[PDB]
Amino acid sequence: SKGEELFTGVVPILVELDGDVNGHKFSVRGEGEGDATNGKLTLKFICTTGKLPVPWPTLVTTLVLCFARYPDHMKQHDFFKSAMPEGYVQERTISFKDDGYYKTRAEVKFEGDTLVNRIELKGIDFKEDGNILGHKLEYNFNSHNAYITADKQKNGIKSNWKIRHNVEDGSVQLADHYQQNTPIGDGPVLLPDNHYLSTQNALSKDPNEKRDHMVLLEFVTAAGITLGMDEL
């Protein structure tokens, strides 16, 4: 696969998300660019339907792992770029402890020159005065490592990890993520050995933006595979 050749420069990104949590419907649009050479994403997200009914931090993971920086000695484990341009489906369940769960299905694929992430989200069994629907989470997102494994019986990958959202009272709200990715096209894809992605996220606000929004700077770097002398 020559998909990684599409990410050697800066690539424009479009994110479109339709959501429905406990019947509270919303839409989010994001635009920005990705620089996989550096593992860097910069996007601004707008809730186009007005007020976002869940906290922005709970949507970070849902709102393009093809922009992760894989070190040269790990390029053969980059499932995400290998599926391009035709793309992959990314599906998750995010179970919030003592609260409801998100189900997401996204298609990440090139449309013209733009890498597009188009998402459908449904949220169910939330407490209307819990940490999510009650907007009790701080506007931040802790640094975290998420271990990847191949899913050979599905020609894809899987990953599960716990996100820990800071609650405003000082507690922590667990978000248990279960993820699966499978290619859209039929071409060859890279099934990686076990490894992990290291992420950092900086959330901010645009002073001249009146709508409900999130400015996001994100870094994603692949790690965890031995570069053991044999290759140097």
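Residue numbers start at 1 and run along the sequence shown. Because only heavy atoms are used, hydrogens play no part in the values below, and waters and symmetry mates are left out as well, while side chains stay in.
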Please check if [X] and [Y] belong to a single hydrophobic cluster, counting links between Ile, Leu, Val, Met, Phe, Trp and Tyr side chain heavy atoms closer than 4.5 Å.
{"X": "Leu216", "Y": "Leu137", "answer": "no"}
{"X": "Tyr139", "Y": "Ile132", "answer": "yes"}
{"X": "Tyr70", "Y": "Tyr196", "answer": "no"}
{"X": "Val89", "Y": "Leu65", "answer": "no"}
{"X": "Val60", "Y": "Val116", "answer": "no"}

Electrostatic pair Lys25-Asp20, nearest N-O below 4.0 angstrom: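 No, this pair does not count.
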NZ/NE/NH1/NH2 to OD/OE distance under 4.0 Å, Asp72 and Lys75: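 A salt bridge is present here (some side-chain N lies under 4.0 Å from a carboxylate O).
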Compare every heavy atom of [Y] with every heavy atom of [X], then report the nearest pair and how far apart it is.
{"X": "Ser1", "Y": "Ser82", "answer": "OG-O, 2.7 Å"}
{"X": "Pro53", "Y": "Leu133", "answer": "O-CD2, 3.5 Å"}
{"X": "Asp113", "Y": "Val11", "answer": "O-CG1, 4.0 Å"}
{"X": "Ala223", "Y": "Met74", "answer": "O-CE, 3.7 Å"}
{"X": "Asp176", "Y": "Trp161", "answer": "OD1-O, 3.6 Å"}
{"X": "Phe80", "Y": "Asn181", "answer": "CE2-ND2, 3.9 Å"}

Check against side-chain contact (heavy atoms from CB on, under 4.5 Å), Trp56 and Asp212: CA-CA 9 Å; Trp56 280 107; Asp212 206 347; 3.0 Å; yes
Got [X] and [Y] here, is their nearest side-chain heavy-atom distance under 4.5 Å?
{"X": "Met214", "Y": "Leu63", "result": "yes"}
{"X": "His77", "Y": "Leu190", "result": "no"}
{"X": "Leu191", "Y": "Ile157", "result": "no"}
{"X": "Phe45", "Y": "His213", "result": "no"}
{"X": "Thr104", "Y": "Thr61", "result": "no"}
{"X": "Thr58", "Y": "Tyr102", "result": "yes"}
{"X": "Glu209", "Y": "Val215", "result": "no"}

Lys40 NZ: over 12 foreign heavy atoms closer than 6.0 Å: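 Open: at most 12 neighbouring heavy atoms sit under 6.0 Å from NZ of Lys40.
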Neighbour count above 12 (heavy atom, 6.0 Å) for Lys122 NZ: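 Atom NZ in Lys122 is crowded, with more than 12 foreign heavy atoms closer than 6.0 Å.
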If you measure from [atom1] on [X] to [atom2] on [Y], what distance do you get to the nearest 0.5 Å?
{"X": "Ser159", "Y": "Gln179", "atom1": "OG", "atom2": "CD", "value": "5.5 Å"}
{"X": "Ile124", "Y": "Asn22", "atom1": "CD1", "atom2": "CG", "value": "8.0 Å"}
{"X": "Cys66", "Y": "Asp78", "atom1": "SG", "atom2": "CG", "value": "8.5 Å"}
{"X": "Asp193", "Y": "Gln76", "atom1": "CG", "atom2": "CD", "value": "8.0 Å"}
{"X": "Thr62", "Y": "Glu120", "atom1": "OG1", "atom2": "CD", "value": "12.5 Å"}
{"X": "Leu121", "Y": "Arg92", "atom1": "CG", "atom2": "CZ", "value": "11.0 Å"}

Can you tell me if [X] uses its side chain to pair, donor with acceptor, with the backbone of [Y] under 3.5 Å?
{"X": "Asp99", "Y": "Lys127", "value": "yes"}
{"X": "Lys44", "Y": "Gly30", "value": "no"}
{"X": "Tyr88", "Y": "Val108", "value": "no"}
{"X": "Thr199", "Y": "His144", "value": "yes"}
{"X": "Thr114", "Y": "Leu14", "value": "no"}
{"X": "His195", "Y": "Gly224", "value": "no"}
{"X": "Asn166", "Y": "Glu138", "value": "no"}
{"X": "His24", "Y": "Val54", "value": "no"}
{"X": "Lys109", "Y": "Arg118", "value": "no"}
{"X": "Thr93", "Y": "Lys103", "value": "no"}

Which residues share a side-chain hydrogen bond (donor to acceptor under 3.5 Å, both in side chains) with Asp169, sequence neighbours left out: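 side-chain hydrogen bond (donor to acceptor under 3.5 Å, both in side chains) check on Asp169 returns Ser171.
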Derivation and outcome, side-chain contact (heavy atoms from CB on, under 4.5 Å), residues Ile119 and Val15: CA-CA 8 Å; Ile119 315 136; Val15 179; 3.7 Å; yes
Mutual orientation of the aromatic rings belonging to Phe7 and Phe67 [parallel < 30°, tilted 30-60°, perpendicular > 60°]: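 Judged by the thresholds at 30° and 60°, the geometry between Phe7 and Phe67 is perpendicular.
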Ring geometry between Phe96 and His165 (parallel below 30°, tilted from 30 to 60°, perpendicular above 60°):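 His165 vs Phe96 ring planes: parallel.
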side-chain contact (heavy atoms from CB on, under 4.5 Å) evaluation trace for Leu174 with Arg164: CA-CA 5 Å; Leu174 268 275; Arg164 304 184 149 75; 3.8 Å; yes
Side-chain donor-acceptor pair present, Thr149, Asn194, cut-off under 3.5 Å: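 Checked: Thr149/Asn194 side chains show no N/O donor-acceptor pair below 3.5 Å.
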